Amino acid sequence: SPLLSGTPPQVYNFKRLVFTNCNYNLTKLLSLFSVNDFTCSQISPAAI
Amino acid sequence: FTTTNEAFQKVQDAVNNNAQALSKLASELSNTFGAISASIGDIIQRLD
């Protein structure tokens, strides 16, 4: 939820969100954007 | 037929040798020979 407000910060000042206990539905987020480049290393793009 | 009986102890030793032979086979399936997991189905759904 905090991702969807305000002016997102520039690259060198990237904010962070650490989730150590929760249940995540990522496609429930990526549906809200128009994904353009999904590139992943050390785990498959579908495996995340 | 008790603990002082040597022949009975030998019978039990033979049974225990059989059991140990089976147990060594059954025990190496949990070994992870320098991998990320011992289950093949787990590493399959996590890497490329």
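Quick note on labels: first sequence line is chain A, next is B, and so on, each numbered from 1. We use all heavy atoms of the structure for the numbers below, so side chains are in, but hydrogens, waters and symmetry mates are not.
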Which heavy atom of B/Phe33 sits nearest to which heavy atom of B/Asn31, and what is that distance? CE2-ND2, 3.2 Å
What are the two closest heavy atoms between B/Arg46 and A/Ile43, and how far apart are they? O-CG1, 2.9 Å
Within the side chain of B/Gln9, is there an N or O that forms a donor-acceptor pair under 3.5 Å with the backbone of B/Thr2? yes
Approximate separation, where rounding is to 0.5 Å, of B/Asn16 CG and B/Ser23 OG: 11.0 Å
Return yes when atom CD of A/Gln10 has more than 12 non-hydrogen atoms of other residues, nucleotides or ligands closer than 6.0 Å, and no otherwise. no
Check for a donor-acceptor pair, side chain of B/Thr32 on one end and backbone N or O of B/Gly34 on the other, with a separation under 3.5 Å. no
Taking atom CD1 as the centre, does A/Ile48 end up with more than 12 heavy-atom neighbours from other residues, nucleotides or ligands that are less than 6.0 angstrom away? no
Taking the side chain as every heavy atom from C-beta outward, state whether B/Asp13 and B/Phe8 have any pair of such atoms under 4.5 Å apart. no
To the nearest 0.5 angstrom, please state how far the CD1 atom of B/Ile43 sits from the OG atom of B/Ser37. 8.0 Å
For B/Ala38 and B/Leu29 the tightest heavy-atom approach is CB-O, 4.0 Å
Shortest non-hydrogen contact between A/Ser44 and B/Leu47, atoms and distance: OG-O, 3.4 Å
Nearest-0.5 Å distance that lies between atom CG in A/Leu4 and atom CG in A/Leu32: 6.0 Å
Taking all non-hydrogen atoms of both residues into account, name the closest pair between A/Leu17 and A/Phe19 and its distance. CB-CE2, 3.4 Å
Correct closest heavy-atom pair for B/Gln45 and A/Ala47 would be O-CB, 4.1 Å
Using side-chain heavy atoms (C-beta onward) and a distance below 4.5 Å, is A/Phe33 in contact with A/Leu3? yes
Quick one, A/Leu29 and A/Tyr24 - any side-chain contact, counting heavy atoms below 4.5 Å? no
